[PDB]
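Student:
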Amino acid sequence: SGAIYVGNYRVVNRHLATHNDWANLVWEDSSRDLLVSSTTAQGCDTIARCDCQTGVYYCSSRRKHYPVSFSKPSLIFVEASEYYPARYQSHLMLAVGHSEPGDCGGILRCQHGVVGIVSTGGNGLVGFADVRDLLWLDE
Ligand SMILES: CSc1ccc(Br)cc1CC(=O)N1C[C@@H](C(N)=O)CC[C@H]1C
Ligand SMILES: [Zn+2]
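For the sequence shown, the deposited numbering begins at 7 and goes up steadily by one.
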């Protein structure tokens, strides 16, 4: 679990969106595993607008932050699950690091701000949905 709170927006993993997120829907994309909903209160977070490939992410299954080297946003194959058919997820960045299913929503940050959120993983791998290209989040 976890979300990004910026301005009057809440950014969450689309597969973890609540009834309230869908009732206050701004934008959603199954191919990116992202959903953005509107809020009444002003958010706490700021978004990075950079090309950083190193950062730090929060891992809930270890209650710890870890440093990572991550790949550029790209189209990566993701196995079928209860949430989605087998498909290519776009704007996904991979890194070597620990992750379990419940880790989705953990924030990845660089020196400039929020980069994205945990969205996939495997045996010693962790994948993040990029949000740096969503310029409308703060303007
Ligand atoms: C941090 S997630 C994770 C980590 C380790 C291991 Br094994 C497995 C996962 C779970 C995972 O990759 N997905 C894919 C995700 C998606 N974006 O399609 C939807 C939830 C779930 C099925
Ligand atoms: Zn950066």
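In this text, a Cβ means the ideal position worked out from N, Cα and C, and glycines have one as well.
Secondary structure at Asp136, three-state DSSP: helix, strand or coil?
Tutor: The residue given as residue 136 occupies position 130 in the sequence shown. Three-state result, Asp136: strand.
Student: Could you give the distance in angstroms between the alpha-carbon of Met99 and the alpha-carbon of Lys78?
Tutor: Here residue 99 is taken as the residue at index 93 of the sequence shown, counted from 1. Here residue 78 is taken as the residue at index 72 of the sequence shown, counted from 1. So the two alpha carbons sit approximately 6 Å from each other.
Student: Assign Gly128 to one of two classes, buried (16 or more other C-beta atoms within 10 Å of its C-beta) or exposed (fewer than that).
Tutor: Position 122 of the sequence shown, counted from the first residue, corresponds to residue 128. By the 10 Å Cβ count, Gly128 comes out exposed.
Student: Could you have a look at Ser87 and say whether DSSP puts it in helix, strand or coil?
Tutor: Within the sequence shown, residue 87 is the residue found at index 81, counting from 1. Correct three-state label for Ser87: coil.
Student: Which residues bound the alpha helix (DSSP H) around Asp35?
Tutor: Stepping through the sequence shown from its first residue, residue 35 is reached at position 29. First-last for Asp35: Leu31 to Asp35, but that is the beta strand (DSSP E), not the alpha helix (DSSP H).
Student: When the distance is taken between beta carbons, is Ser105 closer than 8 Å to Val62?
Tutor: Sequence index remark: in the sequence shown, residue 62 carries index 56 (1-based). Sequence index remark: in the sequence shown, residue 105 carries index 99 (1-based). No, the Cβ-Cβ distance between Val62 and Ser105 is not below 8 Å.
Student: Here's a check: name, in chain order, each residue in its chain whose Cβ is nearer than 7 Å to the Cβ of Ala54, leaving out the five neighbours to either side.
Tutor: On the sequence shown, position 48 is the one that residue 54 refers to. Excluding five sequence positions before and after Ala54, the CB atoms of its chain that fall closer than 7 Å to its own CB belong to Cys116, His118, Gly119, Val120, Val121 and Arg138, given in chain order.
Student: Please give me, in chain order, every unbroken run of the beta strand (DSSP E) with length at least 3 that falls completely inside the region 33 to 102.
Tutor: Complete beta strand (DSSP E) runs here, min 3: 40 to 44, 60 to 65, 70 to 75, 80 to 84 and 93 to 102.
Student: Quick one: Cα of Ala92 to Cα of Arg38, how far?
Tutor: Here residue 92 refers to the residue found at position 86 of the sequence shown. Here residue 38 refers to the residue found at position 32 of the sequence shown. The straight-line gap from Cα to Cα measures roughly 13 Å.
Student: Mind checking which residues open and close the beta strand (DSSP E) that includes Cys116?
Tutor: As a working mapping, residue 116 is identified with position 110 in the sequence shown. Here the beta strand (DSSP E) through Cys116 covers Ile113 to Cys116.
Student: Can you give me the start and stop residues for the beta strand (DSSP E) that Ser125 sits inside?
Tutor: One-based indexing of the sequence shown puts residue 125 at position 119. Counting along the chain, the beta strand (DSSP E) containing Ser125 begins and ends at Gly119 to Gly128.
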